[PDB]
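Enquirer: below is the sequence, then the experimental coordinates.
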Amino acid sequence: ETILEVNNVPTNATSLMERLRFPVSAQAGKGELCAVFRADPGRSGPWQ
Amino acid sequence: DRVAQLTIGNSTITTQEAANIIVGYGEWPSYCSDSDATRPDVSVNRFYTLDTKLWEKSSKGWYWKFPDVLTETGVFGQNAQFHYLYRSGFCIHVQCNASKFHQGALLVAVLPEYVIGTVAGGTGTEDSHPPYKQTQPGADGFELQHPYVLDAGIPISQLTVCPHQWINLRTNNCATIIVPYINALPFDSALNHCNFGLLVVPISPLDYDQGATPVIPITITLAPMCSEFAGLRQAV
Amino acid sequence: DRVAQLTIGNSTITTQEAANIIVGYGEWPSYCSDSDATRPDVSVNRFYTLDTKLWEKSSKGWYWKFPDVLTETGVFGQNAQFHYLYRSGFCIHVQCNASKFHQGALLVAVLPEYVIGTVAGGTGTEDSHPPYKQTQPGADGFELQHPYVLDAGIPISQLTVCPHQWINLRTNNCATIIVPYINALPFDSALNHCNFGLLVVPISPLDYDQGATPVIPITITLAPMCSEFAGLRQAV
Amino acid sequence: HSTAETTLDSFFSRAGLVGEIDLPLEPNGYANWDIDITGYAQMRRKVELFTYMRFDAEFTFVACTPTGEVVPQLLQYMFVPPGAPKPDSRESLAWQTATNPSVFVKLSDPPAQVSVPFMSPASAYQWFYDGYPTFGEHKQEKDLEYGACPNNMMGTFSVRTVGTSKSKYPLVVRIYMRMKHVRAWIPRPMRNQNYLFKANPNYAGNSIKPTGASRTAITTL
């Protein structure tokens, strides 16, 4: 088990640690999409 | 879930045993009975409780380096300066204390041979190396500069390959790792060869509503295991 | 009190089993072996999780109508348009999620043949009847207008005669009712004869201190039981 | 120890006033009484306490003048089963079809009574058919598709005088009805708001009223 970089924002290197985390808040609410990602390690590359 | 009553030698801690308790490398610490090819019994074996480092909202991590952390402070520290050769195990027990109203995962992990590296810059020069006060930080430890690469060009994303245990204040507030002696030689100098380095890195940063104590502590309590020394030197 | 691991077919829920778990009419759902005087096995049997309706401070209630709720959406929905005759059971599981700092009892109850009625008015005319979008509301459901009489001249005060289970966020946050097939005929059309209607009515209205999320959700997860169909029609 | 008063058959088996038929001298000369367990404007609430019901029923006919005088006329009561045609006029074949049972009694004779079995194609009666008639799936038109399961049609009662020449005596025919062998099923909570229409539980939304009486405050009597 290793950490899966899903969030992809290098702004600039200070926020680089925000690549390992999801955002979960109250608003706006139900039904809207939270986050998605590919299902192939080889592809570049949140799996990288 | 259980009440707390843990003590050794003279020292006494107050821990818990409600979740997964202990993680090892797959090998308990032991003695040695070889050709190289002292056994302190009931004195070294005391829970040395380090200095509780605080944890702000905008922290990036900390890292201690064994056996330097203790080598210049404590009864164990004594048996490191006078002796020249060293070998031991450790009972590291990290516990942070906060309400249910706080949050913020931590990554307790041990990276053997944590060779560190600082930034090239300063004047326009090309090469530089970290001072003695960063490679051998001591009890106080040292808050590292660039977490994501562990000040070593090494992504945290893959640190879990080493013994680790997650601290999510939602579920668990305790972490305990037991580390055996890991070296190419069965014995080495405690002064000039810092082995594995424990490090604590927050991934989900602490958040809370305000006016709720913005600082939750990090209690580090550790204890040597199967310590062993050989030849000794004279005192000052 | 227990951890959660519940799954069927492909779907997977995360529920609990710490209080009274299930309430039935006194009769489990079954098949039929009569003279009238298809048996989908491991496909229909999946927890269809409806759309989580929110719950404001000033709500009055909601009501879905089986089997219309699902009849026009989902794999089960497919086997309702093509077939003409219908019979099934249901594993309704209502769960609302909120802190210990919220409050507000709910009334989960099933009223078979929930014939509804709207208000006479509008123009000065005497008679009117609810549109197709209120007698067969579908998954989204429909927030009713006059709770106390259930939009049917029927006082809520006596609804508990039907299978019910109370949700008081003090104690329990889960409700689960199992309903068998109830009809004068062992088989009827799923399109034009909506049987029992589930309904959720808050009696003690939700209250909280402010700036504490004024909206707690209502998760509806349901699953058919002992479903059965007979003759089929051709597709579009 | 006795809880028999609270049995369905002790709660329903009472002959009630259901039909009031006027046969005057000076409307067209006959009448057809659509059977409705209502009429006795109390039975609907007592019945919609339950949803599914089953029963045999006993009808009784009290006939007299508006004066109350008893006069030697010969009446004809006719039960017209569901689906079967109703009498178009006084001389339609519906009186002679004989399929439709007929009861010929005088008034000097005591009230004629006949029993009527449970007459639904369904296994039991319904007071609620949340859904649409067989088989609703085309255009609207709408004004018929509510709370009505015509499978619950109990038939009709028809009366003559009898022919050929119209009577001389002004008549009223009282129709009394009682259930027997009753079996109800899944229980409904009892009505609280006033009725408005038959065969649909609509209510006056403008005027919702509390179920029972009220006090000035909770702490008072």
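Expert: Nice, I can see it. Numbering: from 1, shown residues only, chains lettered A, B, ... in the order given.
Enquirer: kindly provide the distance from residue A:19 to residue B:185.
Expert: Relative to residue B:185, residue A:19 is positioned 39 Å away (CB to CB, to the nearest Å). For the C-beta atoms, the positions are set from N, CA and C on the backbone; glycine is no exception.
Enquirer: which of those two has more neighbours?
Expert: residue A:19 (18 against 10; other CB atoms under 10 Å in any protein chain shown).
Enquirer: show the contacting residues for the closest residue to that one other than its chain neighbours.
Expert: Nearest residue to residue A:19, sequence neighbours excluded (CB to CB, 6 or more residues apart in numbering or on different chains): residue A:5, at 4.5 Å. Residues in contact with residue A:5 (CB atoms under 8 Å, 6 or more residues apart in numbering or on different chains) are A:19-20, A:46-48, B:157.
Enquirer: quick one: contacts for the residue nearest to the spatial centre of chain D?
Expert: In chain D, the C-alpha nearest the mean C-alpha coordinate belongs to residue D:36, at 2.2 Å (CA atoms, centre = their mean). By CB under 8 Å, 6+ apart, the contact list for residue D:36 reads D:18, D:154, D:198.
Enquirer: secondary structure element holding it?
Expert: Following DSSP states H and E, there is no helix or strand that holds residue D:36.
Enquirer: for it, give me phi and psi.
Expert: Residue D:36 adopts backbone torsions of phi -140, psi 120, taken as degrees, to the nearest 10.
Enquirer: which SS state does residue B:134 fall under?
Expert: At residue B:134 the chain is in helix, as set by DSSP: H, G, I helix; E, B strand; the rest coil.
Enquirer: okay, now the residue nearest to it when sequence neighbours are not counted: neighbour count?
Expert: Leaving aside its sequence neighbours, residue B:134 sits nearest to residue B:142 (CB to CB, 6+ apart; 5.9 Å). Counted with other CB under 10 Å, residues neighbouring residue B:142 total 19.
Enquirer: next, find the distance separating residue B:142 from residue B:51.
Expert: Separation of residue B:142 from residue B:51 (CB to CB): 13 Å.
Enquirer: next: residue D:131.
Expert: For residue D:131, the distance to residue B:51 - CB to CB - is 74 Å.
Enquirer: cool, and residue B:17?
Expert: 25 Å.
Enquirer: contact residues of chain A facing chain B?
Expert: Listed as neighbours of chain B in chain A under the rule CB under 8 Å from any CB of the partner chain: A:1-5, A:13, A:16-17, A:20-21.
Enquirer: one more pass at 7 Å, please.
Expert: With CB under 7 Å from any CB of the partner chain as the criterion, chain A meets chain B at residues A:1-3, A:5, A:16-17, A:20-21.
Enquirer: of those, which belong to strands?
Expert: The members of those all map outside strands under DSSP state E.
Enquirer: among those residues, name the buried ones.
Expert: Buried subset of those (neighbour count, 16 or more other CB atoms under 10 Å in any protein chain shown): A:3, A:5, A:16-17, A:20.
Enquirer: so residue D:63: helix, strand or coil?
Expert: strand.
Enquirer: can you pull the contacts of it?
Expert: D:75, D:107, D:171, D:173 (CB atoms under 7 Å, 6 or more residues apart in numbering or on different chains).
Enquirer: same check, this time on residue D:108
Expert: Per CB under 7 Å, 6+ apart, neighbours of residue D:108: D:70, D:72.
Enquirer: residue D:131 and residue B:51: who's more crowded?
Expert: residue D:131 (25 against 10).
Enquirer: what is the neighbour count of residue D:168?
Expert: 9.
Enquirer: the nearest residue to it once chain neighbours are set aside: neighbour count?
Expert: Take residue D:168 and drop its neighbours on the chain: the residue closest to it by CB to CB, 6+ apart is residue D:25, 7.3 Å away. If you count neighbours by other CB under 10 Å, residue D:25 ends up with 9.
Enquirer: now do residue B:140
Expert: Neighbour tally, residue B:140, other CB under 10 Å: 14.
Enquirer: from residue B:62, how far out is it?
Expert: 10 Å.
Enquirer: could you do residue B:122 as well?
Expert: Applying CB to CB, the value for residue B:122 to residue B:62 is 24 Å.
Enquirer: and the furthest pair within the contacts of residue D:63?
Expert: D:107 and D:173 (9.6 Å; CB to CB).
Enquirer: phi, psi of the residue in chain D positioned nearest to chain C?
Expert: Chain D approaches chain C most closely through residue D:205 (2.8 Å), counting by CB to the nearest CB. Dihedral angles phi and psi of residue D:205 (degrees, to the nearest 10) take the values phi -70, psi -30.
Enquirer: which single residue of chain A ends up nearest chain B?
Expert: residue A:3 (4.1 Å).
Enquirer: surely residue B:79 is within a strand?
Expert: No: counting by three-state DSSP, residue B:79 is located in no strand; its state is helix.
Enquirer: so it is in contact with residue B:229, correct?
Expert: Yes: assessed by CB atoms under 7 Å, residue B:79 is found in contact with residue B:229 at 6.1 Å.
Enquirer: and the most centrally placed residue in chain B, helix, strand or coil?
Expert: Centrality entry for chain B: nearest residue to the mean C-alpha point is residue B:198, 3.4 Å, by CA atoms, centre = their mean. Following three-state DSSP, we place residue B:198 in the strand state.
Enquirer: so which of the residues of chain A next to chain B is the closest to chain D?
Expert: Checking these against chain D with CB to the nearest CB, the nearest one is residue A:21 at 49.3 Å.
Enquirer: distance check, that closest one against chain C.
Expert: According to CB to the nearest CB, to the nearest Å, residue A:21 and chain C sit 21 Å apart.
Enquirer: what does chain A put close to chain C?
Expert: A:26, A:30.
Enquirer: the residue of chain A most remote from its centre: what's it in contact with?
Expert: The C-alpha centroid of chain A is most remote from residue A:30, which lies 19.5 Å away (CA atoms, centre = their mean). For residue A:30, the contacting residues are C:52, C:54, C:217, by CB under 7 Å, 6+ apart.
Enquirer: what about the last one, how many neighbours?
Expert: Okay, so that is residue C:217. Other residues near residue C:217 number 16, with proximity taken as other CB under 10 Å.
Enquirer: without its sequence neighbours, what residue ends up closest to it?
Expert: Per CB to CB, 6+ apart, closest to residue C:217 is residue C:52, 4.6 Å.
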